[PDB]
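Taken one at a time, structure 1 and structure 2 that follow are two forms of one protein chain, written as structure tokens.
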Structure 1
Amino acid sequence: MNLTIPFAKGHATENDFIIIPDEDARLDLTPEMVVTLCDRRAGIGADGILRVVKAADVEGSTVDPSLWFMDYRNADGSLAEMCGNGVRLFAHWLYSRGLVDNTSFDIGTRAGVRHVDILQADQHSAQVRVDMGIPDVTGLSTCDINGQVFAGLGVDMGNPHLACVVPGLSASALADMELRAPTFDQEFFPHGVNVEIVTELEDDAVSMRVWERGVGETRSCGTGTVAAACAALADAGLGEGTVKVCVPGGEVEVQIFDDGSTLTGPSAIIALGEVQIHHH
């Protein structure tokens, strides 16, 4: 006995999502079902899910009930407290379908409210700026990736990061290295952690790869790019700045003040349809 769910597919710097419209709040998917859908072969395939729902109808939220809420699920069914690339696609979706009518608006997330600015938008593409709030640098920790250690900044962007700027690493060296789920200090990161490997600041740019909690390597990670841009700035001895972060799925521009931070990048809406899945 299978359900038929309307959906759209999209990405933001090739970090890709399945959008489930759910204003009547009748598709709070179980984690098994999330897994099934984010399986490319068995389902559709994605890095995770954006279920579109009002804050009024989302369990555990206490943000303004009148806002749209970005119910993000990771590909393993795991919840997460924020998703930078997600927020951009979610904004793109809402605007482009006329579910809001300003280029500038607030969205609810599991880390609270996030403001967005639509800079450019079609049916299929957009550029979105996100107020990401203040990066809270949590301390210093390390990880091991494939019997080699790196030292990083803990950063809280809503969710946890370990941003390891690597002294001397070229971009081509970085493209080459082979990643395995890192191992980290579980007292420091009791809930798991997103890890970013980063090149040092140069021409106001860094290059990054990332091993997402819940998911594995992704072609981009928006909260992680901001984490990386802190780390790169801190390693150059600044704490304000504008940094272009280069990820396997593209480019974003992060901006860091003392009062806050922003993440500006593209978003794309690739497909619409309906999908089959089994309850059991």
Structure 2
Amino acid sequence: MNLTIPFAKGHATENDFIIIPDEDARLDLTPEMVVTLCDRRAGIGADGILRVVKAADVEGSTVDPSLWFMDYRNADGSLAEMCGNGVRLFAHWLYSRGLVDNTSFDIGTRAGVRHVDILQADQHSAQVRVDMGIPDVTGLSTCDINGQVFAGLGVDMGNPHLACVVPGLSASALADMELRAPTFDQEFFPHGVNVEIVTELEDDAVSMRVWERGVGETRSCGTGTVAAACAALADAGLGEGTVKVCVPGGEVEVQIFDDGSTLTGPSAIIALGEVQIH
């Protein structure tokens, strides 16, 4: 059985997803089908798949069963918890297709309920704000990238980060760096770490590159932008504030409070079609 599946392609700061509508919970999307669809040259190509289903139809969903549930799969076929960027696209999809009736709403995920606000949306483009939780600064550590040692802050955003504000780092020197997989303290980070290399806060903005664990450099890491803003604010003596974070895939704005944080950024829905697998 080769199967034809209606889909949409989109991205959120160029962290890209295939959206699969399945409002009646009819599709059994297997790991193998995930991989096949996300293969960029043989399939459609993406970082992952966002299946659109009600929380009622996801077994083990902890959340209110009337909510839409972001059934997120990584491109390698694994189940994934949550995605700071993919939530924006999922929210954009729900709102722009009239599946929710308010600009402010919740979405279910395997990591719990996520609250979103649509600031602007049409069928192609949106600006979405997501609640990202209290950043938890777990300590002070270092990594080594290609012989050069960087100091950072451990930040727990639900997943582990080492966010390294580099004194003296310009946006051009950042773009010109060669990145390789970092070496780090494996006692501090026993399950691996996402490393952000970040400029100092200047006119309420910074730039970042990120080496995501198990993946390598990416266009954008949503949780990583919050970590980076956390570290930028720390390095400037501030415990709270608003930071524009520039990543290779675009720009986002992070707000850090005492008791929470938000990530605001774009969402784009690029194509609609039908794909045949298998």
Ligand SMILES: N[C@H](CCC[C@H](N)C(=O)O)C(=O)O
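Please note that residue numbering is based on structure 1, beginning with 1 at the start of its sequence.
Undergrad: Does structure 1 or structure 2 depict the form solved in complex with the ligand?
TA: Pick structure 1 here.
Undergrad: Comparing the forms between structure 1 and structure 2, with one rigid segment turning on another, which of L263, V165, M33, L50 falls at the hinge?
TA: Of all listed residues, the hinge one is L263.
Undergrad: Rounded to the nearest whole degree, what rotation separates the positions of the smaller rigid part between structure 1 and structure 2?
TA: It comes to 14 degrees of rotation for the smaller part.
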